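**Student:** Quick one: this structure, given as structure tokens, is what I'll be asking you about.
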């Protein structure tokens, strides 16, 4: 049976260190039965990194979008306007995370000390010393690019711990797309609270290409180890990003 | 979910759920214990948060909404069996089990998604029991969750003790009687009593400390029968909230009947 102690240990062996700054992606199952569930993995990462470090996690809520673009699953076209009209606004304090984000994030986002950026689709949660300066501002327009959290991390010596998670979800990559010659700008929409009032606001965002994210990560590796029974790759954010920029450009 | 979306005529919204709740019988200032099933409602735009707000919209800031937020997994591994765990692990398990914390210990899956989200919703409080905690929002959330002792704590002194004294209602939103936590309270007011020893991770003096306490060995398997008997002659509002079948009834009235059904069935029964 995996344990807090077990995991804390496992983590260091991988390379996590006190006072470090990491964006974490993860999967509870991939680790194999832990005595304590997600509260076991969280308390571990928290003991390794220490209050000197900074724990960061994506807490996306992409369901708060225009139903015209939904497809997993779709929804009758006759429901779009009524959906847009009655959709509850985003609120970092309670809007749940998309399912794909995983079980660790859903618990972490309401874990003591953790904070959440105010983006209605691409928010992040942080625990640590630099949680505020990394979430303070998060402009709706271009949720994850310069001025976003994944932007304020590129400027800090930061690492990306993939716990039981592949590269297909190394969100950081997204920053790079904001930095290459190719960029398809699109209007998106999300229910939001402006001046203490609900409003459906449209904004500009990039039409990402996340599929290429595995290929990019692939070529990026061309540390490692195991937390419980999960294949964990621990790299640096700044480097990880830079490569994508090059990968995309020359592609 | 594709099934949940395809079995739904039109989207269930905060407003349409608010309407159904009022038609059903839920009113302003009412204190109500809720047992839900988010899926039984049909696709709802906003999912759980939309259902929570509809509950708040109806019951108002003068009303009080309570929900059971049990974390039964924080128990002695021996009693486990869904699935069971190798005995060779029953010791490092009691040894390394994260202690219970009202601020983060995830509710047991069977409690529902709505309750899991409701527990960390702005202004919702949670009682201090490691297995049978409750969460409440509203006018009376403080006097209901306040006390919660480890021992028994689902009987007198637990929040059920506070929902019994002051007018309270139970709301089965897509759930049946087998989920009516209020009945457990009656089990502490009857002649029959099988007393078991339980254990759980807790924090005392600011240090984790595996503690053992006494508790009744509940017979929740009967609740479905108790509720169906209660329905023979007791007032109960029935009606749909979206595509889910619901019933709203008196908690005090339900507990009392449960007691009698139990008393006369273990004494008068063959």
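FYI, residue positions are counted from 1 along the chain as it appears here.
Quick check of the header: X-ray crystallography, 2.6 Å.
Placed from the backbone N, Cα and C atoms, the Cβ positions cover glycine too.
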**Student:** Hey, Swiss-Prot has CoA bound by B:38, B:39, B:40, B:41, B:42, B:43, B:44. Any idea which of B:70, B:113, B:147, B:157 it lists too?
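**Tutor:** Only hit among B:70, B:113, B:147, B:157 in Swiss-Prot's CoA site, alongside B:38, B:39, B:40, B:41, B:42, B:43, B:44: B:113.
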**Student:** For a quick check of understanding: given the listed CoA-binding residues B:38, B:39, B:40, B:41, B:42, B:43, B:44, B:113, what is the maximum Cα-Cα distance in angstrom, as an integer?
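**Tutor:** Roughly 14 Å, rounded to the nearest whole number.
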**Student:** Three states by DSSP: which one describes residue B:39 (CoA binding site)?
**Tutor:** helix
**Student:** Which chain-mates of residue B:40 (CoA binding site) that are at least 6 residues away have a CB under 8 A from its CB, listed by sequence?
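**Tutor:** Counting only residues 6 or more apart in sequence, the Cβ neighbours of residue B:40 (CoA binding site) under 8 Å are B:173, B:174, B:175, B:242, B:243, B:244, B:245.
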